[PDB]
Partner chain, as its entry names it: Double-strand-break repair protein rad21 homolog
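A single chain, nothing else alongside it, follows as structure tokens in the form solved without its partner chain.
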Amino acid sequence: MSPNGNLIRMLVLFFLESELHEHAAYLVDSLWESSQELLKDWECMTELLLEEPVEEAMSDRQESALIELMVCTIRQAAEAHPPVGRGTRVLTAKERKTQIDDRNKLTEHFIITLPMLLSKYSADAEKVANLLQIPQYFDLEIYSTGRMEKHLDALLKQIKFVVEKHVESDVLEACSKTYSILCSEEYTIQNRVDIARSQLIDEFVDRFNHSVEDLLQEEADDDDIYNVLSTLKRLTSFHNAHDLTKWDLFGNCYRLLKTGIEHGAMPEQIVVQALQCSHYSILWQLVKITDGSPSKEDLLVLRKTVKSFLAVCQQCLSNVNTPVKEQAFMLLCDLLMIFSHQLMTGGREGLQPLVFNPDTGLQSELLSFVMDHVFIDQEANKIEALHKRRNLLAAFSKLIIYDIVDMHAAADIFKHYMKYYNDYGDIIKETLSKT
């Protein structure tokens, strides 16, 4: 009750204060055999999180740490295996039984308690994002079984509050994925969630559209810019896992990107998001066309869309802001692979009119970026920025392998940059081998 409450408070302290466990998931995993009973006292945890003190309060950091530990215990309980990077087998009868029992407990519990947790910590993005990892583990059918419809409403109310209050890409993506899990994985609740999710979108599409018009008709305000970006961010987040094509979003993103090209003065984040959103619209347009039996004119309308967007991403290579370039590049190396001749695989030869070969000028520019932005002269931010450039190359690399860009002019650049390995590598190798 409060005995487990002391232990858990001290366990949060031992995690934070000692750098003996760096990963929460690993700490939990390590203790799991010995301290399962304690680590699945979820009523204790939510209590510690939700109650007000008598004495000694929790500090903001330790609350955060508790939530993270809690989410890790939930996973391990639900999944019944160690986390990614500690894995290795059959569940025994009793282990399976415990898994079903634990899943039931945490679902009933968290259905009721997750809306409350989200309410209290609604503005703490890192906490909210961490809490919204929880529904993926629920036994969704219990939203019907328990006559628990009141708490699904409750959750959806809070998810609405979160998206409405936040712009962080983690928070938003966490929300999107959550609607995703509540939607498609039970018919009973599907109709209810779809109604709440579609009403949410609507409110933002209207705000976005009004804001798009505000900005473009306009001397443009900081408000105008915050409204366009803020709303767009929400929609782009969702547009990855939700098919928002019924709202013609591609049109207003295209206006923001063309205005930015013409007059040069569109904020980098609006441009980056507008690109990402348009891209997501396009992929979803494709999915509807693959799966349906499309006519000639369907294909020809999608083609014109794609040609007009590849034109835009090309032009965006020349944007001063290097995040735009990277995004534009990323999308080019995505799209030119997608609308390659691969598109006519699996008896899909109807799609020929959608195939695109990038011209010489575009291949030259897709070489240019690599010379300028993968291969550059000159803590935690640099190990991250490296893996990005690594991905930018790996995405370019696919175009080389299938002769979509000039495979010889590419390799020439790879020569030029590997020169010091070919000229002095052996000598540097053997030298370091004797020290």
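Think of the rigid core as the biggest set of C-alphas that the two forms share within 1.5 Å after superposition. Positions refer to the first chain, counted from 1.
Keep in mind the form solved in complex with its partner chain is missing from the figure; the text below concerns it.
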For this chain shown on its own, do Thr188, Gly264 and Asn357 all sit within 4.5 Å of its partner chain in the deposited bound form, going by heavy atoms? no
Would you mind picking the one in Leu362, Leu200, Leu299, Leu283 that has a heavy atom within 4.5 Å of its partner chain in the deposited bound form? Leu283
Pick from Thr145, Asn104, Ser308, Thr345: which has a non-hydrogen atom within 4.5 Å of its partner chain in the deposited bound form? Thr345
Residue-level contact is defined here as any heavy atom of the residue lying within 4.5 Å of its partner chain in the deposited bound form; does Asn130 satisfy this criterion? no
Report whether the minimum heavy atom distance between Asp222 and its partner chain in the deposited bound form is within 4.5 Å. no
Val287 versus its partner chain, in the deposited bound form: is there a non-hydrogen atom within 4.5 Å? yes
Does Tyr402 reach its partner chain in the deposited bound form, with heavy atoms at most 4.5 Å apart? yes
Region of this chain that lies against its partner chain in the deposited bound form, out of 239-247, 255-263, 148-156, 313-321 [heavy atom, 4.5 Å]: 239-247
Core-superposed comparison between this form and the one not shown: the option from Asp139, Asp124, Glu186, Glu268 whose CA moves 2 angstroms or more: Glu186
Verify the C-alpha shift of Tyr421 between this form and the one not shown: is it 2 Å or more after superposing the core? yes
Did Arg9 shift 2 Å or more between this form and the one not shown, C-alpha, core superposed: no
In the deposited bound form, shift in Cα separation for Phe110 relative to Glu185, 3 Å or more: farther
Direction of C-alpha distance change in the deposited bound form, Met70 to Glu185 (at least 3 Å): farther
